[PDB]
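One structure below.
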Number of protein chains: 6
Amino acid sequence: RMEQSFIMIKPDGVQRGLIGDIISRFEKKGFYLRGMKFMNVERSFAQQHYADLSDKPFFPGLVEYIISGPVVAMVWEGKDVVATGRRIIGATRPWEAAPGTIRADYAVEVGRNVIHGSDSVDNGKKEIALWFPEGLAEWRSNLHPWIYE
Amino acid sequence: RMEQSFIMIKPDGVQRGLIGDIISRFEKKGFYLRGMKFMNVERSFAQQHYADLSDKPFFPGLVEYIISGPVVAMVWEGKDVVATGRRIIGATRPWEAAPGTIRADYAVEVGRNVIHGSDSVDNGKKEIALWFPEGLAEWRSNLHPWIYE
Amino acid sequence: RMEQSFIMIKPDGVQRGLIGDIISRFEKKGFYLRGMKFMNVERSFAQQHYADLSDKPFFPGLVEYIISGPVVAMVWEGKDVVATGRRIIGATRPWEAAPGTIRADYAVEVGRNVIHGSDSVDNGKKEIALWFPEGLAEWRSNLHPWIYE
Amino acid sequence: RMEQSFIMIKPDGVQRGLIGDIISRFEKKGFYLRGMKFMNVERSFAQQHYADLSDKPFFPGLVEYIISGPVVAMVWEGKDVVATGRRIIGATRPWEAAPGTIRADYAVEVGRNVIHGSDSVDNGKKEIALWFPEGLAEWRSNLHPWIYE
Amino acid sequence: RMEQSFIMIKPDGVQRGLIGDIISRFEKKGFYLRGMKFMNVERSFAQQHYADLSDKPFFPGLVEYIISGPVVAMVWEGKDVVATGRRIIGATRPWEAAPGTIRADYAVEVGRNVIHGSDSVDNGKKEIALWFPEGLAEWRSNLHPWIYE
Amino acid sequence: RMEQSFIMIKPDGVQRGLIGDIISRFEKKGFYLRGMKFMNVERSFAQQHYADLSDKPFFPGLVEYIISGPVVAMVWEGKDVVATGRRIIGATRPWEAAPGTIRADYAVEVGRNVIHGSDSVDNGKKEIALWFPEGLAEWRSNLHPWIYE
């Protein structure tokens, strides 16, 4: 069906002027932008985001890091956006990702691997609920009949 | 200096998959993205945003059109952003636009000229106050010393 | 040797403004363009082409779809054009296509997977005779001694 | 209204690998393709096309040049295609063309200025019926209401 | 004719990842690359490069700057390289350069306008003798007959 | 850590105008340019670079080749630059090359596979020593904290 995924451009990806590039890959892919906002993640909120790892050792670092620079919060839609978004993004380790993927092309180190994507439809539904409580933008592309069906 | 300009991708700009292409253009330039959000414009809001034309005949169409689809409302900061911002977008009429400018390269008609840019710093602040009453994200690019001074 | 493959940009490819992107992919690879035409396919022809499976169920669909809009018929020459072209196009299912392939980067569904490419040297030769019974355009790229040997 | 213009990628444009670049420029602008074909030109035809200059010293030169290699004949349609097609192509002399224009960024001499478009609507119609006596392929872009009205 | 012009990507040009971008502009143009090196400028040399201004108040700043980071020194050949280089590059002040030029799309301030280009055939000759005393690379482009004659 | 790799644009890469495109990839990836020089190779020199293949029958054609056109020799730095360098370049035989790799995208035959890159780090050192005996350019990107750590 029309599932959605949460895609986030991290601090490093912003400092290195990669926003347009990332958004262009998803645009030409046929997926639909449903939500986008550029903003400074706050501590409390960041802990909320990395809550499923509050137990873990690297949690504090995660929180601290994402607070260091504004990020771009997105939500895209279409057949297999969660899984394809992951595929498009590439391996966690840049030197492991496949050429053609975002991380294989723009990243060098795991800790600065430019982007983030929901690893599942449910985690996506949860992430979307946390970042876009206000809801998303409604619209339908006039090219829909040529992308689907 | 720290001059800011309100740049917005009109609805037709979003339908034709030009979001990332436009954003890359202001990034590669060296301007800083200070605010961004993907939304659906409300009729009362559109009216205000076009207040300085309420008197003109084409007002209705202008508002009905601004609401026909979601847009990308942004704020870019940088030395002369308003002026060059307007220079980059190109003349109102596409066919009169200088080759190399956005409108000349991606548009055909005036009522569908992909994007809008503040035309004075005063109107800039007037628009920023309207679209971003909540304020702008703050950050400091590491390329700043190589872009300024 | 100098095989030729029949590459056709499907109706959706034309609507999604991907004609240039696609052709720039084959030109840059070093392949030679031998034939190219923008045309509206007629049913009898649509049927001959897909006749390889006029028996099957979905046959009707394929015929009706390739006539719903204009296409871009092309012929490309070079070493391993047939095989490499399919490699460049990517697997039938976009969601299975590898990053870097056309389908992986521009498509979402199989019904709208943007492009067709000969699947074997024989089929390639037969399609070239079907779509270009008038012959190809003979020319000698000055870049030959630099892409061959 | 939606006039049309004859756009041709000269022999040099084909050799240099610019068929893709050029097409994409026009697709991106928002013009619609109505007819395109890769082909060799016979002397007879080349003479009809430049008949208007038969009484000029440089006439032989022109005829002898369009026959040296295949070209790419195209008919593009859009508001003001002819005049903006001219502005897009750039001045006759590459060194006098405006940046952004096709000749300013891709050519060096007048004899090898890569592309050529109709200079007037009357001259366009004429070149269109001469190169495409067999007619043009009709189709309506689903993106029409976002490019016009 | 076989004119040459010294083209330099200044320190800020390297720090901003523009090397490939700039080069592609001269490559796609049809111009021939005759020399290129990535180097750190030693003070004594900078003083020699800026000698003709050795009596101006901003001389020390001009020297200090060019020493603060590596640069890419190049030599390009082609009809009207000097002046056309000046055109491609753009007006001294980025905010005054024509859209389509390097400074118009990549720079914000004059003191960091990303690149330098000889201003006259005689100056280019000096500049070349100063940075490339060791001579230039020799080659003939196969596409020569398609960009010249 | 901060390993280096010798990356060379072969003679056919220059003739084909891929210098800018290729360099832009490494810059966009986040690797650091440490050395670069457009140059003509001397026979006795080529013989030593291909020393490890002097026993083989194709050594002669191997040397006569890089000696027939100027090349661009470079040293790049970054974590895993050798491994990623090879991955980005792609299998030595273009038709086995993974989509998204420089060779899978720009090459056709082995003898004209566009680019060369260290296959191990100790060979990188062999090459850096041979081609860059005078040393490399030193500098520190301002985006360092956003690429590593």
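Proteins get letters first, then strands, A, B, ... in listed order; numbering begins at 1 in each.
- The nearest pair of heavy atoms linking B:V114 to B:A107 is CG2-CB, 4.2 Å.
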- [ ] Let me see the working for A:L136 and A:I128 under side-chain contact (heavy atoms from CB on, under 4.5 Å), right down to the final yes or no.
- [x] CA-CA 9 Å; A:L136 305 170; A:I128 287 168; 4.2 Å; yes
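- Heavy atoms from other residues, nucleotides or ligands lying under 6.0 Å from CE of C:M2 number more than 12.
- Looking at every heavy atom in both residues, C:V108 comes nearest to A:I147 through CG2-CG2, 3.7 Å.
- For A:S118, the side chain to side chain donor-acceptor pair (under 3.5 Å) test picks out A:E127, with sequence neighbours left out.
- Partners of C:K56 by side-chain contact (heavy atoms from CB on, under 4.5 Å), not counting sequence neighbours, listed by chain and number: C:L53, C:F58.
- Every pair passing side-chain hydrogen bond (donor to acceptor under 3.5 Å, both in side chains) that includes a residue from residues 7-34 of chain C is listed here, sequence neighbours excluded: A:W146-C:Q15, C:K10-C:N113, C:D12-C:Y65, C:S24-C:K28, C:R25-C:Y106, C:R34-C:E77.
- Using a 4.0 Å cut-off between a side-chain N of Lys or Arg and a carboxylate O of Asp or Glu, C:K37 and C:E134 qualify as a salt bridge.
- Judged purely by atom type and a 3.5 angstrom limit, C:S5 has no side-chain atom pairing as donor or acceptor with the backbone of C:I7.
- With contacts defined as side-chain heavy-atom distances shorter than 4.5 Å, the pair C:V71/C:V41 qualifies.
- Between the CD atom of A:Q4 and the CZ atom of A:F31 there is a distance of 12.0 Å, given to the nearest 0.5 Å.
- Listed by chain and number, the residues in a side chain to side chain donor-acceptor pair (under 3.5 Å) with A:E138 amount to none (sequence neighbours excluded).
- Checked against side-chain contact (heavy atoms from CB on, under 4.5 Å), C:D52 has no partners two or more places apart in sequence or in another chain.
- Listed by chain and number, the residues in a side chain to side chain donor-acceptor pair (under 3.5 Å) with A:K125 are A:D122 (sequence neighbours excluded).
- Taking all atoms of both residues into account, the shortest heavy-atom contact from A:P99 to F:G100 is CB-O, 3.8 Å.
- Applying the salt bridge (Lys or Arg N to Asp or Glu O under 4.0 Å) rule to A:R103 yields no partners; only residues at least two apart in sequence or on another chain are considered.
- Between the CE atom in A:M8 and the CD1 atom in A:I89 there is a gap of 10.5 Å [rounded to 0.5 Å].
- Taken to the nearest 0.5 Å, the CD1 atom of C:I67 stands 8.5 Å off from the OG atom of C:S44.
- Taken to the nearest 0.5 Å, the OG1 atom of C:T101 stands 11.5 Å off from the CD atom of C:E96.
- In terms of heavy-atom proximity, D:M74 sits nearest to D:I23 at SD-CG1, 4.3 Å.
- The environment of CD in C:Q48 is crowded: more than 12 heavy-atom neighbours from other residues, nucleotides or ligands sit within 6.0 Å.
- Heavy-atom minimum distance, B:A97 versus B:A104: CB-CB, 3.3 Å.
- In this structure, D:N142 contributes its side chain and A:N142 its backbone to a donor-acceptor pair below 3.5 Å.
- Applying the ring-ring contact (aromatic ring centres under 6.0 Å, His included) test to D:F26 and every residue at least two apart in sequence or in another chain returns D:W76.
- Using modelled atom types, no side-chain atom of C:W139 and backbone atom of D:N40 make a donor-acceptor pair closer than 3.5 Å.
- Side-chain contact between A:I22 and A:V72 is absent, with no heavy atoms from C-beta onward closer than 4.5 Å.
- Scanning all heavy atoms of the two residues, the minimum distance from C:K79 to F:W95 falls at CE-CZ3, 3.4 Å.
- In this structure, a donor-acceptor pair under 3.5 Å is present between the side chains of C:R87 and C:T84.
- For C:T92, there are no side chain to side chain donor-acceptor pair (under 3.5 Å) partners two or more places apart in sequence or in a different chain.
- Residue C:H116 holds its NE2 atom at 11.0 Å from CG of C:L62, rounded to the nearest 0.5 Å.
- Here A:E3 pairs with nothing under the salt bridge (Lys or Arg N to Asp or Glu O under 4.0 Å) rule; sequence neighbours left out.
- Other residues, nucleotides and ligands contribute only 12 or fewer heavy atoms inside 6.0 Å of the CD atom of A:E149.
- Taking CD1 of B:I19 as the start and CD1 of B:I9 as the end, the distance is 5.5 Å to the nearest 0.5 Å.
- A heavy-atom distance below 4.5 Å is not found between the side chains of D:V75 and C:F38.
- Residues satisfying the ring-ring contact (aromatic ring centres under 6.0 Å, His included) test with D:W131, not counting sequence neighbours, are D:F6, D:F45, D:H49.
- Scored by the salt bridge (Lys or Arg N to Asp or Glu O under 4.0 Å) test, C:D105 finds no partners at all (sequence neighbours excluded).
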